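Trainee: I am attaching a structure below and will ask some questions about it afterwards.
No value in this document is a laboratory result; all are computed from the given coordinates. Here the Cβ positions follow ideal geometry from the backbone for every residue, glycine too, while neighbour counts run over all protein chains shown.
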Amino acid sequence: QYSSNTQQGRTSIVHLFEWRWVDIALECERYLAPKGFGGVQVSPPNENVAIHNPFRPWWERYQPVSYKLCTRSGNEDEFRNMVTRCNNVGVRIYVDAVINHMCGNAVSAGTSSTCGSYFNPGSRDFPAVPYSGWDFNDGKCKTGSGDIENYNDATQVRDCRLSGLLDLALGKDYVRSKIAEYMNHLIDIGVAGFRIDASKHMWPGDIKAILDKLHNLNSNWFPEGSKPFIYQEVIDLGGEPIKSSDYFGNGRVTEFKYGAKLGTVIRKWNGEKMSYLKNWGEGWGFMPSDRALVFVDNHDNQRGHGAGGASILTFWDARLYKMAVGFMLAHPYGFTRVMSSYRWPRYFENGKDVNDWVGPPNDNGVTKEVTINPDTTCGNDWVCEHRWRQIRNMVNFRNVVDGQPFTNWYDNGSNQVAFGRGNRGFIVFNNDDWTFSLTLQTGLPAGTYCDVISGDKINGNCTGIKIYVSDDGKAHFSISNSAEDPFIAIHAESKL
Ligand SMILES: [Ca+2]
Ligand SMILES: [Cl-]
């Protein structure tokens with residue numbers, strides 16, 4: 001469950017947050033495949049509650065109603081079409097599996113679901129599964145509210161309701177079975193793995209019992225006996241009874257400490273500096289690299305939710321964001337996930353963004369299609385960070401240097417750092433308040449290399465900066481602290 005199942009030479013997955021199945025299919029063929037992306041993390045494909053107040057929030061997708069593949073992203077036919085098309089071009093699909101719970105216990109009974117399924121939270125009635133009151137942890141929880149009240153108690157964290165969401169009795173084989181049913185349907189369609197939502201709220205043992213029941217990957221695209229890639233969402237910033245290491249037997253685990261710290265360093269908070277990154281990874285208290293799923297931001301925390309609070313870098317902080325993503329893609333630690341967002345009318349009613357609930361770009365609830373601009377960016381309020389030249393090019397940088405050691409580290413003891421990846425890549429950063437101008441030892445063979453930050457390599461020439469590496473492998477770098485993109489990156493495949 002630790003291997004991504006991506007093609008050889010494709011080292012990252014992109015989260016296409018709330019995208020429609022039809023758009024993802026197109027994206028796989030017109031961009032992801034040819035630009036070297038390894039896979040896509042999709043939003044929950046199962047039927048959820050349609051919340052009308054506030055109006056169709058993004059988080060309604062984390063409140064399941066059934067396991068029918070019918071959401072704002074599309075129906076089963078479209079989902080199947082998407083997986084097939086992406087797989088045919090070597091781009092994998094990873095499903096966001098919401099299995100800890102069903103909907104809010106105070107939601108109202110009826111058919112206000114994305115597929116019209118009837119459900120009654122008050123009675124714990126989910127006929128479309130089906131689930132009854134005998135399938136929820138109500139009796140198992142021991143809190144006065146039946147909700148999670150204290151994170152120092154491992155048992156309530158897992159047996160009580162997360163903010164009122166009906167907590168499934170994962171201890172029962174029936175429930176584990178229904179879930180496996182759902183997950184197997186997806187595997188047979190062609191999904192390469194899963195993001196297990198709210199793993200912190202489940203017992204490692206229950207998760208295990210579910211994985212036990214899963215099929216191997218679809219033998220049309222995956223060699224016989226392949227296991228689904230598993231990455232568990234466990235928010236662990238330390239000092240809690242529940243530890244991310246508790247989940248290592250099930251697969252990888254989200255390393256939230258990564259983005260929190262990268263965010264603090266780049267924002268130069270708490271007297272942190274880039275030169276401190278010289279021992280980035282385990283050296284900073286992180287989980288083993290072979291179990292980490294890393295990212296700068298996610299859907300929760302780009303909204304000041306998740307974990308990291310105010311330090312998290314996002315598309316809103318574009319210049320610094322590109323730097324952080326760049327550093328992540330160049331550094332050997334973990335399996336990387338790139339975020340792809342949508343713009344929302346962020347509005348601070350002093351302190352808090354009161355619109356952090358707003359769902360994807362829509363017309364009366366119907367998700368808007370992803371349009372492409374002439375400059376290869378996206379319209380209809382889709383941010384498409386994965387299409388930003390600097391990010392897209394760093395995804396390819398990672399592919400090219402995969403497996404190379406961390407070498408030729410340099411720092412000015414402040415915020416000017418550089419490092420190479422064997423003899424296949426070199427990156428330079430200037431996050432100080434003055435120009436960086438120094439001749440560095442790169443570890444790269446002589447020649448003219450296109451900087452992939454300021455431009456591209458287009459057969460025979462560079463459209464941005466050119467770096468000349470001398471036969472002694474030295475190159476001169478000059479980066480103004482005022483540059484749009486205060487970093488340079490060259491690699492074996494950007495060489496003329
Ligand atoms: Ca639970
Ligand atoms: Cl996540």
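Trainee: Treating the beta-carbon of each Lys and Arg as +1 and of each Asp and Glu as -1, no other charges, what is the dipole magnitude of segment 1-143 about its Cα centre, to the nearest 20 debye?
Mentor: The dipole of segment 1-143 has a size of about 300 debye.
Trainee: Under a Cβ-Cβ limit of 4.7 Å, which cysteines in the chain have nobody to pair with?
Mentor: Singleton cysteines: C103.
Trainee: With an 8 Å cut-off on Cα pairs and a minimum separation of 6 or more residues, tell me the relative contact order of the chain in percent.
Mentor: 12 percent.
Trainee: Moving on. Packing-wise, with mean Cβ within 10 Å as the measure, how do 62-69, 167-174, 460-467, 7-14 rank, highest first?
Mentor: Going by the mean number of other Cβ atoms within 10 Å, highest first, we get 62-69, 7-14, 167-174, 460-467.
Trainee: Given R₀ = 25 Å, what would the calculated FRET efficiency be for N120 paired with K172, taking r from the Cβ atoms and rounding to 0.05?
Mentor: It comes to 0.80.
Trainee: What residue among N412, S341, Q1 has its Cα farthest toward the positive end of the dipole of the chain, where the charges are +1 on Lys, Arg and -1 on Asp, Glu, each on the Cβ?
Mentor: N412
Trainee: Assign one of three labels to segment 404-496, namely rounded, prolate or oblate, based on the Cα gyration tensor with a ≥ b ≥ c the square roots of its eigenvalues; rounded applies when a/c is under 1.5, prolate when it is not and a/b is larger than b/c, and oblate otherwise.
Mentor: Oblate, since a/c reaches 1.5 and b/c is not below a/b.
Trainee: Could you tell me which residue out of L496, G304, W19 lies farthest along the dipole of the chain toward its positive end? Charges go on the beta carbon: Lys and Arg +1, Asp and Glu -1, centred on the Cα centre.
Mentor: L496
Trainee: Here's something else I'd like to know. So for the pair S245, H185, with labels modelled 7 Å out along Cα→Cβ, what separation do we get in nm?
Mentor: If labels sit at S245 and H185, their model points lie 3.9 nm apart.
Trainee: Given the pairs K140/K213; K322/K466; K68/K142, which span a C-alpha to C-alpha distance of over 26 angstrom in this model?
Mentor: The pairs that break the limit, which is 26 Å between Cα atoms, are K68/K142.
Trainee: While we're looking at this one, here's another question. Report the one residue of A260, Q232, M287 whose Cα lies farthest in the direction of the positive end of the charge dipole of segment 217-297 (charges on C-beta: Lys and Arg +1, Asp and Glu -1; origin at the Cα centre).
Mentor: Checked the options; the winner is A260.
Trainee: To continue, here is another question. Using the Cα centre as the reference, give the magnitude of the dipole from point charges on the C-beta atoms of segment 117-235 (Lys, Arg: +1; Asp, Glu: -1; all else neutral), rounded to the nearest 20 debye.
Mentor: It comes to approximately 120 debye.
Trainee: Treating only the Cβ of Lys, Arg, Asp and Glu as charged (+1, +1, -1, -1), what charge dipole size does the chain show about its Cα centre? Round to the nearest 20 debye.
Mentor: Using only the charged Cβ atoms, the result is roughly 680 debye.
Trainee: Helix-only estimate, please: 222 nm mean residue ellipticity of the chain, summing -39500 (n - 2.57) across DSSP H runs of length 4 or more and dividing by its residues, to the nearest 500.
Mentor: Counting only the DSSP helices, I get -5500 deg cm²/dmol.
Trainee: In terms of the Cα gyration tensor, with a ≥ b ≥ c the square roots of its eigenvalues, is segment 243-345 rounded because a/c is under 1.5, prolate because a/b exceeds b/c, or oblate?
Mentor: Cα axes put segment 243-345 in the oblate bin.
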